[PDB]
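2 protein chains.
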Amino acid sequence: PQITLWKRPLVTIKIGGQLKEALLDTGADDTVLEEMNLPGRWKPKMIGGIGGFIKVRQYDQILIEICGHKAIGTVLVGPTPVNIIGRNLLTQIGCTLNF
Amino acid sequence: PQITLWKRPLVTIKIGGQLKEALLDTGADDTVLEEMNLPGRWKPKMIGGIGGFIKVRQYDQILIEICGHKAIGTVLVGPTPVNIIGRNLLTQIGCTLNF
Ligand SMILES: CCOP(=O)(COc1ccc(C[C@H](NC(=O)O[C@H]2CO[C@H]3OCC[C@H]32)[C@H](O)CN(CC(CC)CC)S(=O)(=O)c2ccc3ncsc3c2)cc1)OCC
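As structure tokens, then:
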């Protein structure tokens, strides 16, 4: 579809067998999701933005479905205030900016 | 144009007569630029991101040209890790997400 930017671009995603709301975020290199107890191994990581860094758990080869579009890649889990879909997955669903 | 997301969506902007590079950021409500001298009045504001809140200077009704497209609106100035163009100006230049 086409998403205007008057409001936050929030969509439904499916991950680890759960549905959630997440921001389609062209300023996010990586995908960062709210605390959730995903199975499997993970690597510690720190990601930075406005205000500083947070500590997150990096899980690899995670399947996420975004508005029916499937994607698989790296997902970071940590105390983010919002579920964020970053470019690593946005590219995979064919998402572009257009003006 | 149509901008893909394999790399960061960086563009040249012109503000207060100066050229700079900035990130088109659909996850940003507001536009935040690194410390710089802008003419006119400003008021202190706080904004929050992934790592907490920072103090910024709020400039209203500022002219800014984004990849050839003119906007006039609110620009925050402060210790952001990178210059970001948020939805308040993305809307003005007619930017949408498409997949
Ligand atoms: C409301 C909940 O609480 P809250 O008020 C704000 O919550 C939010 C927290 C984060 C966002 C998303 C964030 N937007 C943001 O900073 O926007 C500011 C400006 O406009 C306002 O609108 C929303 C907030 C205000 C960017 O889109 C993405 N970021 C990178 C950019 C940093 C400038 C480029 C470096 S990233 O997230 O840091 C990030 C993501 C993946 C990644 N992979 C490797 S690095 C790395 C870094 C949106 C809302 O904060 C109090 C705790």
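As given, the protein sequences belong to chains A and B, one line each in that order.
Residues 1 to 99 in UniProt numbering are what the first sequence lists, from first letter to last.
Residues 1 to 99 in UniProt numbering are what the second sequence lists, from first letter to last.
All residues carry an ideal CB built from backbone N, CA and C; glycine is no exception.
Close CB contacts of residue 46(A) within its chain, under the 8 angstroms cut and outside five residues either way in sequence, are with 53, 54, 55, 56 (chain order). Beyond the five residues adjoining it in sequence on each side, residue 3(B) comes within less than 6 angstroms, by CB distance, of 9 in the same chain, given in chain order.
For residue 84(B), the shortest separation between its Cβ and any heavy atom of ligand 1 lies below 8 angstroms.
Spatial neighbours of residue 88(B) in its own chain (CB-CB distance under 8 angstroms, excluding positions within 5 residues in sequence) are listed in chain order as 29, 30, 31, 73, 74. Contiguous beta strand (DSSP E) elements confined to the region 1-27 of chain A occur at 10-15, 18-24, taking only those with 3 or more residues.
For residue 9(A), the C-beta contacts it makes with chain B under 7 angstroms involve 26, 97, in order along the chain. Contact annotation: residue 62(B) and residue 16(B) have beta-carbon atoms nearer than 9 angstroms.
C-alpha of residue 66(A) to C-alpha of residue 1(B): approximately 24 angstroms in a straight line.
Out of 11(A), 58(A), 23(A), 99(A), the CA that lies nearest to the CA of residue 70(B) is found in 99(A). Note on geometry: alpha-carbon atoms of residue 23(B) and residue 41(A) lie some 33 angstroms from one another. Checking the DSSP bridge columns, you'll see residue 96(A) partnered with 98(B).
Within its own chain, the residues whose Cβ lies closer than 6 angstroms to the Cβ of residue 76(A), once the five positions on either side in sequence are excluded, are 30, 32, 56, 58, listed in chain order. Not a single CB atom of chain A sits nearer than 9 angstroms to the CB of residue 64(B).
For residue 87(A), the enclosing alpha helix (DSSP H) stretches over residues 87-90. In this structure, DSSP gives residue 38(A) a state outside helix and strand, which the three-state scheme calls coil.
Judged by DSSP secondary structure, residue 44(A) falls within the beta strand (DSSP E) whose first and last residues are 43-49. Residues of chain B whose Cβ lies closer than 9 angstroms to the Cβ of residue 87(A) are, in chain order, 5, 6, 7, 8, 9.
Placement of the Cβ of residue 51(B) at a distance of less than 8 angstroms from at least one heavy atom of ligand 1 is found.
Closest by C-alpha distance to residue 78(B), out of 49(A), 27(A), 7(A), 26(A), is 49(A).
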